[PDB]
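Chemist: experimental structure and sequence below, a few questions after.
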Amino acid sequence: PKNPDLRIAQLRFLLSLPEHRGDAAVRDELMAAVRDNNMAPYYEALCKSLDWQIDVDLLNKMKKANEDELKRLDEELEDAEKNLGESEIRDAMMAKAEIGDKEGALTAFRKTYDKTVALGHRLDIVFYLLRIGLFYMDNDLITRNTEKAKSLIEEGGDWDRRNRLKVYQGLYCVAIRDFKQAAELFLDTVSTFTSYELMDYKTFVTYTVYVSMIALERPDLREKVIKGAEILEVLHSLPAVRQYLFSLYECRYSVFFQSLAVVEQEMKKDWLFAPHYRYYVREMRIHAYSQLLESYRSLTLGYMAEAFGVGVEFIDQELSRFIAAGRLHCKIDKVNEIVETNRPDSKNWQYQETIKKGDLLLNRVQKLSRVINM
Amino acid sequence: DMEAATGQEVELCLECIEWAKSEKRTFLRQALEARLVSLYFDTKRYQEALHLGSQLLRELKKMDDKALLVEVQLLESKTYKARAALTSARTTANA
Amino acid sequence: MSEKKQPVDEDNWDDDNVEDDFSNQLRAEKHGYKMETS
Amino acid sequence: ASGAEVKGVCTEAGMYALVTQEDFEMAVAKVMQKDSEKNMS
């Protein structure tokens, strides 16, 4: 049941990334605390957001409710293992202990991993470790648990749950700058309709496109977005980035820049991207310019400055620092405003890699085969 | 079928649904639910058209009737997986 | 070994080298405000 | 039925769905028909 707790993770990100109205973080943390016993939101807001303007006792009462809850959980721990349970005593205690403080976590994972017995004992354990990680912007939890899973969960698994583990892997692959294996693991589209792991299938589409407009080269672009009309029956609900992708074939750079600003702000205000979203947009820029110049040579940026908006000075500094970033072999001027189609690998590079590696590894093995004697 | 007067259409429909909560006629409330979800598609409502189709089809294949089940499976195939929902409407339609 | 004088002495971390390479370009509107500049 | 016939009915069911109880019902319906043809009671 991590979808609402994924929304709570987004609450924590709102507490983290936007410090505009810290009461809004206090707002939804108190809203998640007044019911569902969720006190961890309340300590979380106490720390980063406001210091709980009025929640000294209004949430300490529900903290005492969580205290009685945890104490009766740990009492039924012995009341039920009094009876025989096929690791199901510890299974129930780990499930119910995955609400209040990290007390619930330490009575959750210290009582499952020791007697995790079958696929489900770790199926839910790894799903909910992914959730306890995703509440913050974690990667140790949400993939170390996948390591345990590889040791524990699947072993054949389901045609349903294993696709879910793979979609977890892809969900972090888009959370991190792993701009391909997300869409690879999000290539299912027949096994992630709706789940307690899918906070929103439309948000599934968001994470998917925010890795597919990069992983999917033009053939894979049309393969998954266009051809794969399975996601289209659902991405019919978010036409902004969809039409962006539509232009992403005809290469309409004006609307490219419109939606580029749009998605830039969007990522600026979206989870698990705050300290990294910098490249994606300028990467889209350079990649599109690549094909645009690849059209032909005797062309101008000014002829494209229209598509660039008023992009003469914009792209001046832009492509200056981009070629300075060592990108996109091409030619362009100011007094001449050139465009180019160049950089064939089978000119020298397809022959330069030869020594690039047969000297790197050559001397690697050389010194490696030097200390064999000296 | 007079005019797109959206101020009273969906509200009057929810009213006698609440009357059907208070009177409990099965065939009359199903008559009201089927047009309401058709009215939801007329403005193409995003989730609640699907959520009304979910909450009614928890009971429709559970209850005894067969004939209107074919329509509400078919109405979901417009709002949608749509190949899957159409084929389930295919095998129901033959009886 | 270190037998010399010297004994005297991915979340964003992966994207961090590019970030310091991004530390010189409009870190993150004037892009979009340039639309109405002309 | 000769043991694995449950598997075959599963195959017949899944084919209809391509698995509700009705699937296996139609599965046996293909499987079991003939026997049919009353009017000889």
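Modeler: Noted; the coordinates are in hand. Numbers count the residues shown, from 1 in each chain, chains lettered A, B, ... in the order given.
Chemist: with adjacent residues omitted, what lies nearest to the residue in chain A that chain C sits nearest to?
Modeler: Distances between chain A and chain C by C-beta to the nearest C-beta are smallest at residue A:275, namely 3.8 Å. All C-beta atoms are positioned from the backbone trio N, CA, C, and that covers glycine. Leaving aside its sequence neighbours, residue A:275 sits nearest to residue C:12 (C-beta to C-beta, 6 or more residues apart in numbering or on different chains; 3.8 Å).
Chemist: so how many other residues sit close to that neighbour?
Modeler: 17 (other C-beta atoms under 10 Å in any protein chain shown).
Chemist: in contact with it, which residues?
Modeler: A:275-276, C:19 (C-beta atoms under 8 Å, 6 or more residues apart in numbering or on different chains).
Chemist: from residue A:12, how far out is it?
Modeler: 17 Å (C-beta to C-beta, to the nearest Å).
Chemist: ok, now which ones touch the spatially most central residue of chain B?
Modeler: Nearest to the geometric centre of chain B sits residue B:34, at 3.2 Å (C-alpha atoms, centre = their mean). If you count contacts by C-beta under 8 Å, 6+ apart, residue B:34 has them with B:56, B:68, B:71-72, B:75.
Chemist: mind telling me what element it is part of?
Modeler: Residue B:34 belongs to helix B:26-42 when assigned by DSSP states H and E.
Chemist: helix or strand right after that helix?
Modeler: Assignment by DSSP H and E places the next element after helix B:26-42 at helix B:48-60.
Chemist: from chain C, which residue is nearest to chain A?
Modeler: residue C:12 (3.8 Å).
Chemist: give the burial count for the nearest residue to residue A:91 once chain neighbours are set aside, as a bare number.
Modeler: Closest residue to residue A:91 apart from its sequence neighbours, by C-beta to C-beta, 6+ apart: residue A:121 at 5.8 Å. Counted with other C-beta under 10 Å, residues neighbouring residue A:121 total 22.
Chemist: cool, the one 4 residues further on as well?
Modeler: Residue A:125: 24 surrounding residues under other C-beta under 10 Å.
Chemist: what do you get for residue A:189?
Modeler: 20.
Chemist: that older thread, does the residue nearest to residue A:275 sit in a helix or strand, and which one?
Modeler: Using DSSP H and E, no helix or strand contains residue C:12.
Chemist: got it, and residue A:352?
Modeler: Per DSSP H and E, the secondary structure element for residue A:352 is helix A:349-358.
Chemist: buried residues, that helix. List them.
Modeler: By neighbour count on 16 or more other C-beta atoms under 10 Å in any protein chain shown, the buried set for helix A:349-358 is empty.
Chemist: I'd like the next helix or strand past it.
Modeler: Next along the chain from helix A:349-358, counting by DSSP H and E, comes helix A:360-368.
Chemist: CA atoms only for that following helix, dumped as CSV, please.
Modeler: What follows is helix A:360-368, C-alpha atoms only, in CSV (Å, rounded to 0.1, in the frame of the first residue of the first chain):
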residue,chain,number,x,y,z
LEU,A,360,45.4,0.9,-22.8
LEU,A,361,45.0,-2.9,-22.3
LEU,A,362,48.4,-3.5,-23.9
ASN,A,363,50.2,-1.6,-21.2
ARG,A,364,47.7,-2.8,-18.6
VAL,A,365,48.9,-6.4,-19.3
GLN,A,366,52.4,-5.1,-19.8
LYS,A,367,52.9,-3.8,-16.3
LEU,A,368,50.7,-6.7,-15.1
